[PDB]
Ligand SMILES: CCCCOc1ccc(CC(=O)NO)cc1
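The chain that follows stands alone, in the form deposited without this ligand, written as structure tokens.
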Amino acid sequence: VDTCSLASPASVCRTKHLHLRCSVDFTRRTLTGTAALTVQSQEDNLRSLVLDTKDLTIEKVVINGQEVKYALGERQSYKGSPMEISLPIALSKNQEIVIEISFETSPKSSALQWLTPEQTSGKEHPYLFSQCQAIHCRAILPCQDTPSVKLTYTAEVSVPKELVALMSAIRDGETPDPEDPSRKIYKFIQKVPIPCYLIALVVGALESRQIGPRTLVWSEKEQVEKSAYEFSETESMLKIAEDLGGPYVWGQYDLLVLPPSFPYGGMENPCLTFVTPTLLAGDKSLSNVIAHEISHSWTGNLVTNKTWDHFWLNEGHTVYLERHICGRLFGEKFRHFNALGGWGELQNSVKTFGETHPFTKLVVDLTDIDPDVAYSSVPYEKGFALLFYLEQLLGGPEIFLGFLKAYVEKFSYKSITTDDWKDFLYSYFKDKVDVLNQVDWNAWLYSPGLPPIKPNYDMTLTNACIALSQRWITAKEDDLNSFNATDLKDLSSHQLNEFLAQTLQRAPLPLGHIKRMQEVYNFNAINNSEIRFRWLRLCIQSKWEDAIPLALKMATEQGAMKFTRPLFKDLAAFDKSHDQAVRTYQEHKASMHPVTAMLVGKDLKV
């Protein structure tokens, strides 16, 4: 059923368990060890099975203390090489077997990012972190790579003594390596079944702070004390999640703040949530962002898309829940605020892709397509748009939350397609079918472009933003004096961010306009990364030279691509700062993430 996997489908055999034993070598950049897969045959007379491998060197395959025979098919592009394992004895229905595979990862493996010490905070020890999503788990260990298969797993990781290993799991024990006194062994147990793309690993110099009963925050000695402050409210958000979707079933929720070099956004990995450093503003104003990954534990980690075509099932419901979390934090019209923002992001994604492009469909077809090339915000905000539309159509947020609960409770720890979700939607709402039959299903699910209808959003918190932004865009030299510092009296940090987003939408402003904006609003003082980003772009595109240093510092102070790359783009496009931005790139590129380096360097034409 899954077009992105070469392994045996879940209809033949299913992996129920993974016991991982491995060691981390930072000199060779390799994970060497053994992956022991418990396989349950779903049919009689099963003599062989296939697994996904990508750039893996296979030593041997042991079944019941004896080496079996295997063959590695040819690599197909991003899909990798299939691995055929010949079973010694035929398997009956439900007969279970344990296949142990001795494997070593490649240094160029796409699932594992190795960071040099200069690319970390401490500038002393190296770093390692995994990105499995979507299909990259096959580049770590042989497995069935597909969300349609869920498995519990236990792992034992050997790392240099001075470092620490975390995974997505409950930490069990720590013991000095029996055969290597210079190394340590860390143990992990994941009791809840998960797809293999939620297996995560981090190895580096890490400390911890306990910010809640079940919550530790992990990071390097530089960042732990700040993250402990910013994220102190995560326990209350967790309790909100339990209020909406019921008790937390994964048993521990930790947080790992990646080095400042981390280019991407947060990851939902179970029991350990990755956090981007850009979220530390010092005021806790961006902490609510975390509410996304939290909701993943209640929606989409429990109920998983059966194939990646169905990815919307995962994120969409997740988003729907997260905006309810924020809904109770800042109020309802704020939930509407982030809703309208999400619709805006959908607009930009569609017009950038084009309204005819297949990747704008809610259920895509990934057959020959790389899952990471087609990735966009469509399955997030279009899915949320559908569920919000059905919320307002089916009688309200309370009712549709009831639906959400029934959905999770029914499909928890399983995988489903879109048709399954729609079947259960008609089953739950069966009194209301008359309404449901007026939805256009072919258009919403399978048709590109924007959805055929739009939900009704509350405009107040947005209308303030547009009011001020327009005031500045329409301002004339005579007007600039009337502006006062009180204009921000009622606005949130989120509203200020939207204000600078709308004001930046409109292209350069008279230099004196933004110089005044700095005088009254003192935007230079706020360290919030979103607002500071849009503010510094507003300054640089407006030909203000005083912002050159600031725009530069931020560009190299954080590694997030959504920030770094546009800042270097503008600093290059500004003819006054171009040279300086080039040589600054040449200066800091060694400490940049390897991807952001060549990417910003190609943008700078080096």
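In case it trips you up, residue 1 is the first one in the sequence shown, and so on.
The same protein also has a form solved in complex with this ligand, omitted here; what follows describes it.
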| property | result |
| --- | --- |
| Residue (of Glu293, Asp254, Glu230, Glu391) lying close to this ligand in the deposited bound form, criterion heavy atoms within 4.5 Å | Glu293 |
| Answer option from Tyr264, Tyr446, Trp421, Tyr428, heavy atom within 4.5 Å of this ligand in the deposited bound form | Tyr264 |
| Distance check, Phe311 to this ligand in the deposited bound form, heavy atom within 4.5 Å | yes |
| In the deposited bound form, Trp441 touching this ligand (heavy atom, 4.5 Å) | no |
| Any non-hydrogen atom of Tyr375 within 4.5 angstroms of this ligand in the deposited bound form | yes |
| Partner proximity in the deposited bound form: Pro371 to this ligand, non-hydrogen atom cutoff 4.5 Å | yes |
| Options 68-76, 235-243, 128-136, 509-517; stretch whose heavy atom lies within 4.5 Å of this ligand in the deposited bound form | 128-136 |
